[PDB]
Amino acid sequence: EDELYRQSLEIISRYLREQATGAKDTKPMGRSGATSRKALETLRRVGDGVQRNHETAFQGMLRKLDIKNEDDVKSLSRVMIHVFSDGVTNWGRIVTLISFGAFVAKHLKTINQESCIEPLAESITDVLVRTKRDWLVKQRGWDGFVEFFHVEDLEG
């Protein structure tokens, strides 16, 4: 019924799990599957670049956060609200939010805390959707995300 939340959670959870495990989830998407598929494909293309372009800053922040367990992962919501929500919103900042989430998810895999990845994805989704719904709706949601990052085919 809250379709934006459900769709956001599915896209973000899939990207974080895919980043952590290195395998695609072959299960069908829920509702709005065509857009969700394209959003995940976009998030791959763009987020993978973001994590490399900001490698030094990402590594620095990860080290600072010292994520070891469920309690540490739970504390991240407050930090996301502080850093992401309290600023002007644009798609770039949303991708950085999600891309750093994937960076944290990979870290969780490396320390054998894979069970924390889904709660992490839920926390990121809560912060994004519950603090930026108005902006997301005005920007056409995940359809807008896909449109914004669409790259035209090169001739020849």
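Residues carry their position along the shown sequence, with the first being 1. Note that the rigid core is defined as the largest set of C-alphas that superpose within 1.5 Å between two forms.
Comparing the two stretches 133 to 141 and 11 to 19 by root mean square C-alpha distance in 6 other deposited structures of this protein, with all structures fitted on the core, the more displaced one is 133 to 141. Rigid core fits of the other structures in 6 other deposited structures of this protein place the C-alpha atoms of one stretch farther away on average; of 44 to 52 and 83 to 91, that stretch is 83 to 91.
The stretch 107 to 115 shows the higher mean C-alpha B-factor when 43 to 51 is compared against 107 to 115 in the entry. When the mean C-alpha temperature factors of 29 to 37 and 123 to 131 are read from the deposited coordinates, 29 to 37 comes out higher. Each of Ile11, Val137, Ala23, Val146 has a CA temperature factor in the record; the biggest one is found at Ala23.
Per the PDB record, residue ranking by Cα B-factor puts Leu65 in the highest third of the chain.
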